[PDB]
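Next up is one chain by itself, shown in structure tokens, the form deposited without ligand 2AM.
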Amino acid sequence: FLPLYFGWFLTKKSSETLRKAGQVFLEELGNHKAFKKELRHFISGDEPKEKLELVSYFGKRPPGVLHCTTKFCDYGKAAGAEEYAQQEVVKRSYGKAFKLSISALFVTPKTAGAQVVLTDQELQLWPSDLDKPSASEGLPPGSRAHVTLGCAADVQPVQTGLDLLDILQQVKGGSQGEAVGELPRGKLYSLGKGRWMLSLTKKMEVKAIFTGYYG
């Protein structure tokens, strides 16, 4: 019977490779004071001065090896769960390997992730009844696809996908900056309100298995 959720779980090698790249990006935001000051300000505003390690702040992360979620099923209880799981494409894809393209890394006051750009084949596994469709209104299907690398202590890692969409909505408008500058792996954008996106000069391909997770 049905899992807590379905998704693509990264292999040991790829999970550590993405983990490290996330870490380094947090350290770059934290090592340069233009960047840290602004993130620290939309995190804590005018709270008592306090030291902040971004890698520590984003220490919380959903259980299990790193993953890109498709459908939350809650063991059959969530809406659309049986209809998702009965699909031949899902049955067929279970236990099989995929490669996920990571196009960007992003951080907000609530979360740290990697944007996934799904192939057309992988989109056949993307559900069509996701919550808040207004949030991705006018964006291609599969826009919120992501791997959550960390989130702040009182944030549900589901927030990560909404944070990504919000960034993609702003960049569809053009309220993206010109890049604040270059980092080793690409152009860095300050979108405002403590939101940062690193657009990778070259996409990272990470290996993963499509399967189900139990709690």
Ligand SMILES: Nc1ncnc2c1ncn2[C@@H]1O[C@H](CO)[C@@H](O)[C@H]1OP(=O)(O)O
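Numbers for residues come from their place in the sequence shown, where the first is 1. C-alpha atoms forming the largest set that superposes within 1.5 Å between two forms make up the rigid core.
Compared with other deposited structures of the same protein, residue 49 meets the criterion of being unmodelled in at least one third of those that resolve residues on both sides. Omission of residue 109 is seen in none of the other entries compared for this protein where the adjacent residues are built, far below a third. Per-stretch averaging of Cα B factors for 97-105 and 84-92 places 84-92 on top. Mean C-alpha B-factor is higher over 75-83 than over the other stretch, the pair under comparison being 114-122 and 75-83. The residue among 54, 147, 165, 151 whose C-alpha atom has the highest B-factor in the PDB entry is 54. Ranked within its chain, residue 34 lands in the highest third, by CA B factor from the PDB record.
Ranked against the other modelled residues of its chain, the C-alpha B-factor of residue 186 as given in the entry falls in the middle third. In the deposited entry, the Cα temperature factor of residue 214 places it in the middle third of its chain's modelled residues.
When all modelled residues of the chain are sorted by CA temperature factor, residue 68 is found within the lowest third. Annotation for residue 140: C-alpha temperature factor in the middle third relative to the rest of the modelled chain, per the entry.
The same protein also has a form deposited with ligand 2AM bound, omitted here; what follows describes it.
For the residues 177, 157, 186, 30, the 4.5 Å heavy atom test against ligand 2AM in the deposited bound form is passed only by 157. At a distance threshold of 4.5 angstroms between non-hydrogen atoms, residue 5 is in contact with ligand 2AM in the deposited bound form. The closest non-hydrogen atom of residue 72 lies within 4.5 Å of ligand 2AM in the deposited bound form. From the list 22-30, 145-153, 49-57, 166-174, the contact stretch for ligand 2AM in the deposited bound form under a 4.5 Å heavy atom rule is 145-153. Shown here without ligand 2AM, the chain has no residue in 85-118 lying with a heavy atom within 4.5 Å of that partner in the deposited bound form. When the two forms are superposed on their rigid core between the shown form and the other one, the C-alpha shift of 2 Å or more among 188, 39, 149, 68 belongs solely to 39.
Here's the thing about residue 64 and residue 6: their CA atoms end up at least 3 Å farther apart in the deposited bound form than they are in this form.
Cα-Cα spacing of residue 83 to residue 63 is enlarged in the deposited bound form versus the present form (difference of at least 3 Å).
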